[PDB]
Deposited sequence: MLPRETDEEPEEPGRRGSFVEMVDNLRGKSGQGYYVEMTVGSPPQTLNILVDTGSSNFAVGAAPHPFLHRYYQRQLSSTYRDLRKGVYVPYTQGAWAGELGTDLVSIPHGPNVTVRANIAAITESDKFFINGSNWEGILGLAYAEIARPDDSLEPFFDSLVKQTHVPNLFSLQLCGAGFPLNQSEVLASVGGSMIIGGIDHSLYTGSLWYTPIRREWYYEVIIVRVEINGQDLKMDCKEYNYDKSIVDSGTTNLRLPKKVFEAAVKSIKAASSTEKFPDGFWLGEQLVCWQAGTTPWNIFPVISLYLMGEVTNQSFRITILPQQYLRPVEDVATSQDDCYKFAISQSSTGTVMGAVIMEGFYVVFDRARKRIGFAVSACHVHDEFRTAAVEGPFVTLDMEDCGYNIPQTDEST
């Protein structure tokens, strides 16, 4: 393949995201940078922190330009504060280009960096609408497309478990997937927003109004571990997942993520847990497709003891299709054509009985109604 050098350019630890090496400043300073399609800021640890091995030293970068403006990004677990500037940025195992991009130097943080994640910053790949302090701050990818010939497209292959995978920038590598790629529109360019039209557990329709699957939004977000489902959706999904796996009994707190369950090394009875399908709006009127994950995706390994957290959780900002979803698939963020493609990942974790799936087409009527206004 012509994109061979970008293949296997991601690393990570389970539950702690996937990062890419980015080279910042002059002379060069390389950092591990979290790939996050669920935000739009490029920020790097820029002062010492207990959880950082390395950080950005702007004083040592001859090409740093200070924008003279603070920046603050909250999350639900905590936040970070910092200072805006521009500098030279390239990706050794990404496109063969260098751009002047906005960079937020993080000077203080609260529950941002993860002890042992090996990343030292974040690359927000969503759109300028959600960027901080405001949409006037051009995101990394907007700069890249603006300043260079790189096609307005990236693709992600996230290889679950100590993890890895590929971010192909400017195109698609056919060795990363199998079967056809199926596309869903990007409803609006802010988050990577999409429309889920049906949910099945082991083939069984969850029978909820599709409006509920997308209240108040559904997004594809590589910086979130879990499949997050709106309260009402989550409850109905838990109940149906319980009903499908009833040959085994699990404590109430397992389904809530508060309790872990461990099996003896090599014995996890994957086959007693259901497959999960999400149908996505297709590109033609009344046409949909489904993506199907295995419990190998939604049960996350956390001794000769294999422990697992149930990684479908509750949300009150809509559906977040996190690493749990992405890890079954090769995901194409076709920004040029305002759409997202899914194909079966060449690296996804399965067994001899079941494999993750991308299937279509299906007939689904009145899909334009599912989205929140």
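Comparing the deposited sequence with the modelled residues, the stretches lacking C-alpha coordinates are 1-16, 178-188, 330-334, 406-413.
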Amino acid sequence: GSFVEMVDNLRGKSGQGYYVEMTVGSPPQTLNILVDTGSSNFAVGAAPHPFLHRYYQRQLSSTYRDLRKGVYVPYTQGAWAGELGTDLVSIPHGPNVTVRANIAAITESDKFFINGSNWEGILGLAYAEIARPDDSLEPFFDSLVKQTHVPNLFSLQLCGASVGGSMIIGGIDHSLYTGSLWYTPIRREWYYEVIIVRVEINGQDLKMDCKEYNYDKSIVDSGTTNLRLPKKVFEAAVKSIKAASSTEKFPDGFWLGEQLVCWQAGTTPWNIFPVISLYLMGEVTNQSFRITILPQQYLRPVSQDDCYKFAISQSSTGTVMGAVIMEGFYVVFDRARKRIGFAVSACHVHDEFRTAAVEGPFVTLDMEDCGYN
From here on, numbers count along this sequence of modelled residues.
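The PDB entry reports B-factors from which the mean C-alpha value can be compared for 100-108 and 259-267; the larger average falls on 259-267. Higher mean CA temperature factor, per the PDB entry, when comparing 338-346 with 47-55: 47-55. Reading the B-factor column for the CA atoms of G82, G223, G171, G164 in the entry, the top value corresponds to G164. Which of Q157, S245, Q147, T285 has the largest Cα B-factor in the deposited entry comes down to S245. When all modelled residues of the chain are sorted by CA temperature factor, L60 is found within the middle third.
Sort the chain's modelled residues by C-alpha temperature factor and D134 lands in the highest third, per the entry. When all modelled residues of the chain are sorted by CA temperature factor, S39 is found within the lowest third. When the modelled residues of the chain are ordered by their C-alpha B factor, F273 lands in the highest third. In the deposited entry, the Cα temperature factor of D252 sits in the top third of values across the chain's modelled residues.
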